[PDB]
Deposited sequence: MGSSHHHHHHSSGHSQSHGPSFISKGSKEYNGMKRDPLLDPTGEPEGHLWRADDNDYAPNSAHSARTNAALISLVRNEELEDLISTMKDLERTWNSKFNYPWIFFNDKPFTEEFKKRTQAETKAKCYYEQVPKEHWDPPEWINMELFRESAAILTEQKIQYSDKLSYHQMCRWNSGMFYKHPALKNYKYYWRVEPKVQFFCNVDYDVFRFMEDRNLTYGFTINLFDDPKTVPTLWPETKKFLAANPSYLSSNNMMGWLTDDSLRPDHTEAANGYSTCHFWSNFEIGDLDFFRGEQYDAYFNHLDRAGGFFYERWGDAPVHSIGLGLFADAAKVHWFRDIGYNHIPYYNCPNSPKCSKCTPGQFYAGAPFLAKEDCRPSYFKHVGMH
């Protein structure tokens, strides 16, 4: 039912999001019988934050997103917002953001050492490969800042001092929508089940952004054979049954990834020996700059090799949109999205859904 449709892979045959979609099983922490007051010193909140790497110029789009996340979820639970930026935030940014939430807002700068390219990266080599990707890649002109952002999300956010006493994060981007009321504490849902990571959307990537990522990953694994987990996602990571030309073009990696603009995650996974050694290996290989390795494929590969796949969760009940893709469940808690409609735009977008592979090789849990 959740298998691939062919006409040429053409997306999912029958989207599970069409099924009546409710809450996960087990105990859930509710706002109506706990202390989730925004300024309570004895609240039911665990050590978690809503986080966002964002620019001053994206303020209006950030505010739209905050309104959705607050209305659907955080107005009841009042977890803090922590904003990150390589540059200082304006006073207008601080005032407008704090006005949209009863929770505490924090405003952090990314340190130069977590943002600047490392000393070993040759900037002339960067510029040469960037010019080629600019020429080849659809609706894409290269920016150094994009590479710095990918590297920051891949290896640096979990090392920021502001997050030292936090264990869980919910990553948020500007200009995204949330469609469904969520009536349980998602962070304590994660914590009580020892979950590592949560996603809403699962996509193919552009192989041109990651051609040596899998080769470099295999090198890392050969040097560290004890790191591979037993409940791993090798089948999903190496799948070639849906779009074999992607897997060939990315030299053994399917290119499928959790779409990282949305993430609910355990910071201590990424801080761990295995993942962080993987990041440092990739950092020294140079592909964050000489290629355009996204944090999504890097997170996805790291999770798929080093996490317990049983501890990765599809948040099917969180209605979500970052242009042009959707996770819209069939639930009376949702409005303003079409259940099971994966994309908005041209029909060639349908083939970008990788869930039929993920659900086959890993599952729908």
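Deposited residues absent from the coordinates (by C-alpha):
Since the structure holds only modelled residues, the stretches it omits are 1 to 16, 24 to 28.
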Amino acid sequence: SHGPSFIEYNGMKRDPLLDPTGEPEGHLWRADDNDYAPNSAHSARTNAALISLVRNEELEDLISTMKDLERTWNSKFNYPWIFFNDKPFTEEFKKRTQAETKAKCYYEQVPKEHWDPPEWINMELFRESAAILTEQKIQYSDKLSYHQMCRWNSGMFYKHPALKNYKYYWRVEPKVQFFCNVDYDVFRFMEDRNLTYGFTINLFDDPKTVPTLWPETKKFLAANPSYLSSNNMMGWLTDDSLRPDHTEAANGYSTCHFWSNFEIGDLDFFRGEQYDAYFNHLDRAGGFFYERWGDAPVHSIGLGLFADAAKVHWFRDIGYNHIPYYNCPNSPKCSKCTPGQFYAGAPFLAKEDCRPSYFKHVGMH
From here on, numbers count along this sequence of modelled residues.
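Of 168 to 176 and 106 to 114, the one with larger mean CA B-factor
Going by the record's values, the stretch with the higher mean is 106 to 114.
Mean C-alpha B-factor comparison - 256 to 264 and 89 to 97, higher one
So the stretch with the higher mean C-alpha B-factor is 89 to 97.
Quiz for you: based on the deposited Cα B-factor, which of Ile63, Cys328, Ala309, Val298 is highest?
That would be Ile63.
Choose from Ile201, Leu237, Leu213, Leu242 the residue with the greatest Cα B-factor as stated in the PDB record.
Among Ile201, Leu237, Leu213, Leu242, the PDB entry lists the largest C-alpha B-factor for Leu242.
Sorting by Cα B-factor within the chain, modelled residues only, which third would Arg45 end up in: lowest, middle or highest?
It falls in the middle third of the chain.
Please rank the C-alpha B-factors of the chain's modelled residues and tell me whether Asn74 sits in the lowest, middle or highest third.
Middle third.
Compare the C-alpha B factor of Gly286 with those of the other modelled residues in its chain, then answer lowest, middle or highest third.
It falls in the middle third of the chain.
How does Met233 rank on Cα B-factor within its chain, lowest, middle or highest third?
Lowest third.
Taking the C-alpha B-factors as the PDB entry records them, is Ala346 in the lowest, middle or highest third of its chain?
According to the entry, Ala346 has a C-alpha B-factor in the chain's highest third.
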